[PDB]
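Just one chain follows, in the form deposited in one PDB entry, and it is written as structure tokens.
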């Protein structure tokens, strides 16, 4: 019955289909022809819709997916946690977006979200992901991404439409070594902290982790801060004022004065790190 939907017929023109399966709370995309993990950049890792339907039953995956590319005309709008227990919209922002972007809408696989597929072009000044106090989120992509396909047509909106997408500027937020290189380096060296557990002096985990950052970042106080904000030790206390400074900066500066050596990127002195790896 899926191939009856006009929008699914439109997507089946493209050999950009995959299948996905729930690992933990992630949704990994897989090559429908052989079952390997599918890249989002390798077109030969995908298949057409017939191969995705066949591969779905073969490996028992959770459902179909569609990879978005620059040259196809589609735009993927992801609305998370915007539906009731009986699948009506409970967020007023999502209610207004659906009024001004009337195109193919379907219920996402968790039942509490929506997908809208539109032909158009995204504004270049908006963030990919926008999070709201409500707990909902708006995530938009036109390439370098795949979308789960359910066919659960919402509100009978079963047709991809050609719409202007400047209206998204009213919903998404606007937007104007290497940090990730250091993060991966610290992870591989066993120096990336685990999330704090019950009965853990979080403030003491902060300081220990901040000491390591002082080494691996070369006491680059602004880099240590950018990296700390992506760690499982980040919390609202980090930016609370304390004596004409924030708790986060007082921690980072204390670490910079505590640590003696520094990791020189050009010297590879990983053996100079004075802190033992995080046990597992």
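Whichever C-alpha set is largest while still superposing within 1.5 Å between the two forms counts as the rigid core. Positions refer to the first chain, counted from 1.
- Where coordinates are absent for parts of the deposited sequence, a chain break appears; between neighbours residue 176 and residue 177 it spans 10 or more residues.
- The stretch with the higher mean CA B factor, choosing between 233 to 241 and 214 to 222, is 214 to 222.
- Annotation for 185 to 193 versus 99 to 107: the higher mean temperature factor (C-alpha) is found in 185 to 193.
- Between the residues 135, 151, 73, 169, the entry's highest C-alpha temperature factor is the one at 135.
- Looking only at 128, 90, 161, 115, the residue with the top Cα B factor in the deposited structure is 90.
- Residue 271: CA B factor in the highest third of modelled residues in this chain (values from the PDB entry).
- Per the PDB record, residue ranking by Cα B-factor puts residue 258 in the highest third of the chain.
- In this PDB entry, residue 80 carries a Cα temperature factor that places it within the middle third of its chain's modelled residues.
- Ranked by C-alpha B-factor against the other modelled residues of its chain, residue 67 falls in the lowest third.
- When the CA B factors of the chain's modelled residues are split into thirds, the value for residue 142 lands in the lowest one.
One more form of this protein should be noted, the form deposited in another entry, which is absent from this view; the next part is about it.
- Relative to the superposed rigid core, residue 37 undergoes a CA displacement of at least 2 Å between the shown form and the other one.
- The Cα position of residue 159 differs by less than 2 Å between the shown form and the other one after fitting on the rigid core.
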